[PDB]
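Visitor: Input: one structure, supplied below.
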Amino acid sequence: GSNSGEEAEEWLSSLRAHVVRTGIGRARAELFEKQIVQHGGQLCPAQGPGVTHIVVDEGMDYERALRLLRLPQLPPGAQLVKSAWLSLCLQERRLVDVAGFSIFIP
């Protein structure tokens with residue numbers, strides 16, 4: 001059985017998203033991961049071969065997101081964004097400035 005049909009042009013695939021199931025897993029927000037993958041954007045936990053983005057329910061802080069997602073430290077550049085950032089990434093089908101909805105600390 002072939003696994004091809006919905007090209008989706010795989011635009012989001014240009015980036016690697018990551019949703020915290022332990023954090024989000026609210027009910028609707030969770031769909032976040034589904035929307036990402038459904039767009040060709042694969043996601044995964046600390047195992048994420050190239051997870052530079054970290055989406056959270058905004059609840060947990062960045063410093064916490066580290067252990068929350070099972071990661072003692074993010075790779076180079078890798079930044080932690082909030083749910084708002086992801087939403088746009090889906091609607092604006094692009095890479096919006098994280099600083100807009102990034103914790104970092106402030």
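By order of appearance in the structure tokens: chains A, B, ..., then residues from 1 within every chain, and ligands from 1 in the order shown.
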Residues of segment 3-102 of chain A classed as strand (DSSP E) by DSSP on the backbone are to be reported as a PyMOL selection string.
Guide: chain A and resi 53-56+79-82
Visitor: Just to be explicit: take each residue in the selection above, keep C-alpha atoms, and write the result as a CSV table (one decimal), in the first residue's frame.
Guide:
```
chain,number,residue,atom,x,y,z
A,53,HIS,CA,11.6,24.9,18.6
A,54,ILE,CA,9.7,24.1,21.9
A,55,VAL,CA,6.0,24.9,22.1
A,56,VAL,CA,4.5,25.0,25.6
A,79,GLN,CA,14.7,28.4,21.2
A,80,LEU,CA,11.6,27.8,23.3
A,81,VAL,CA,8.4,29.4,22.0
A,82,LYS,CA,4.8,29.4,23.2
```
Visitor: Just list the residues in segment 31-99 of chain A DSSP gives helix (DSSP H, G or I) on the backbone, as an mmCIF file with N, CA and C atoms, in the first residue's frame.
Guide:
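Output saved as part07.cif:
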```cif
data_model
loop_
_atom_site.group_PDB
_atom_site.id
_atom_site.type_symbol
_atom_site.label_atom_id
_atom_site.label_comp_id
_atom_site.auth_asym_id
_atom_site.auth_seq_id
_atom_site.Cartn_x
_atom_site.Cartn_y
_atom_site.Cartn_z
ATOM 1 N N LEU A 31 -3.869 19.345 19.843
ATOM 2 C CA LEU A 31 -4.006 19.243 18.393
ATOM 3 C C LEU A 31 -2.838 19.938 17.693
ATOM 4 N N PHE A 32 -2.132 20.780 18.431
ATOM 5 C CA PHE A 32 -1.007 21.498 17.878
ATOM 6 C C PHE A 32 -0.065 20.560 17.143
ATOM 7 N N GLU A 33 0.329 19.488 17.800
ATOM 8 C CA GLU A 33 1.236 18.520 17.193
ATOM 9 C C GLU A 33 0.606 17.898 15.949
ATOM 10 N N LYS A 34 -0.687 17.607 16.026
ATOM 11 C CA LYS A 34 -1.390 17.000 14.903
ATOM 12 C C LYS A 34 -1.353 17.929 13.692
ATOM 13 N N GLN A 35 -1.581 19.209 13.932
ATOM 14 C CA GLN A 35 -1.568 20.187 12.853
ATOM 15 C C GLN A 35 -0.180 20.269 12.230
ATOM 16 N N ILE A 36 0.843 20.224 13.071
ATOM 17 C CA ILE A 36 2.209 20.312 12.583
ATOM 18 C C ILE A 36 2.552 19.112 11.704
ATOM 19 N N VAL A 37 2.352 17.915 12.236
ATOM 20 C CA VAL A 37 2.671 16.700 11.499
ATOM 21 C C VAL A 37 1.790 16.591 10.262
ATOM 22 N N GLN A 38 0.522 16.943 10.415
ATOM 23 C CA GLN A 38 -0.416 16.889 9.301
ATOM 24 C C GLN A 38 0.058 17.790 8.167
ATOM 25 N N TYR A 62 10.640 28.599 30.431
ATOM 26 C CA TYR A 62 11.676 28.037 29.582
ATOM 27 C C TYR A 62 12.624 27.172 30.401
ATOM 28 N N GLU A 63 13.166 27.740 31.472
ATOM 29 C CA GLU A 63 14.118 27.030 32.316
ATOM 30 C C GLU A 63 13.562 25.665 32.700
ATOM 31 N N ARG A 64 12.264 25.617 32.969
ATOM 32 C CA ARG A 64 11.611 24.366 33.335
ATOM 33 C C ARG A 64 11.427 23.468 32.116
ATOM 34 N N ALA A 65 11.049 24.074 30.998
ATOM 35 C CA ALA A 65 10.812 23.321 29.775
ATOM 36 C C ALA A 65 11.943 22.329 29.528
ATOM 37 N N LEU A 66 13.123 22.657 30.019
ATOM 38 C CA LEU A 66 14.278 21.791 29.834
ATOM 39 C C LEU A 66 14.008 20.397 30.357
ATOM 40 N N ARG A 67 13.704 20.297 31.639
ATOM 41 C CA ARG A 67 13.425 19.003 32.249
ATOM 42 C C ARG A 67 12.013 18.542 31.904
ATOM 43 N N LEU A 68 11.137 19.497 31.627
ATOM 44 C CA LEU A 68 9.761 19.173 31.303
ATOM 45 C C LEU A 68 9.686 18.319 30.049
ATOM 46 N N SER A 83 2.560 28.651 22.645
ATOM 47 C CA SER A 83 1.513 28.160 21.760
ATOM 48 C C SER A 83 1.193 29.186 20.674
ATOM 49 N N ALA A 84 1.216 30.460 21.044
ATOM 50 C CA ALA A 84 0.917 31.525 20.097
ATOM 51 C C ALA A 84 1.826 31.429 18.879
ATOM 52 N N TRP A 85 3.110 31.200 19.120
ATOM 53 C CA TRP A 85 4.068 31.089 18.028
ATOM 54 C C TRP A 85 3.654 29.981 17.066
ATOM 55 N N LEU A 86 3.328 28.819 17.613
ATOM 56 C CA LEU A 86 2.948 27.687 16.780
ATOM 57 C C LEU A 86 1.738 28.045 15.925
ATOM 58 N N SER A 87 0.685 28.531 16.564
ATOM 59 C CA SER A 87 -0.527 28.904 15.840
ATOM 60 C C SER A 87 -0.178 29.636 14.549
ATOM 61 N N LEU A 88 0.556 30.736 14.677
ATOM 62 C CA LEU A 88 0.947 31.517 13.507
ATOM 63 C C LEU A 88 1.666 30.635 12.498
ATOM 64 N N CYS A 89 2.665 29.899 12.962
ATOM 65 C CA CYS A 89 3.423 29.014 12.081
ATOM 66 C C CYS A 89 2.481 28.212 11.194
ATOM 67 N N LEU A 90 1.313 27.875 11.729
ATOM 68 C CA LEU A 90 0.324 27.117 10.968
ATOM 69 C C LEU A 90 -0.453 28.028 10.027
ATOM 70 N N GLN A 91 -0.980 29.119 10.570
ATOM 71 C CA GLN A 91 -1.748 30.062 9.769
ATOM 72 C C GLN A 91 -0.837 30.816 8.805
ATOM 73 N N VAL A 98 10.290 34.251 17.065
ATOM 74 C CA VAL A 98 10.007 33.641 18.357
ATOM 75 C C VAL A 98 9.965 34.697 19.455
ATOM 76 N N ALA A 99 10.907 35.632 19.402
ATOM 77 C CA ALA A 99 10.970 36.698 20.394
ATOM 78 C C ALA A 99 9.581 37.269 20.655
#
```
Visitor: I want to know what sits within 7 Å of segment 2-11 of chain A, based on only C-alpha atoms, with residues of the same chain fewer than 5 positions away left out; could you give that as a PyMOL selection string?
Guide: chain A and resi 39-40+93
Visitor: Take the residues just selected and output them with N, CA and C atoms as an mmCIF file, in the first residue's frame.
Guide:
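This is the output file again23.cif:
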```cif
data_model
loop_
_atom_site.group_PDB
_atom_site.id
_atom_site.type_symbol
_atom_site.label_atom_id
_atom_site.label_comp_id
_atom_site.auth_asym_id
_atom_site.auth_seq_id
_atom_site.Cartn_x
_atom_site.Cartn_y
_atom_site.Cartn_z
ATOM 1 N N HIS A 39 0.952 18.722 8.490
ATOM 2 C CA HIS A 39 1.471 19.652 7.486
ATOM 3 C C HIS A 39 2.811 19.166 6.953
ATOM 4 N N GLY A 40 3.253 18.008 7.434
ATOM 5 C CA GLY A 40 4.522 17.437 6.988
ATOM 6 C C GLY A 40 5.646 17.772 7.961
ATOM 7 N N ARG A 93 1.775 29.964 7.848
ATOM 8 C CA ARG A 93 2.591 28.959 7.159
ATOM 9 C C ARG A 93 4.014 29.457 6.927
#
```
Visitor: Using only C-alpha atoms for the distances, tell me which of A:48, A:1, A:76, A:59 is nearest to residue 16 of chain A.
Guide: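 The answer is A:48, which sits nearest to residue 16 of chain A.
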Visitor: Would you mind reading off the distance between atom CA of residue 70 of chain A and atom CA of residue 92 of chain A, one decimal, in Å?
Guide: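 So the answer is 29.0 Å.
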Visitor: Under the rule that only C-alpha atoms are counted, which of A:103, A:46, A:12, A:20 is the nearest residue to residue 72 of chain A?
Guide: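 Going through A:103, A:46, A:12, A:20 one by one, the smallest distance to residue 72 of chain A is for A:46.
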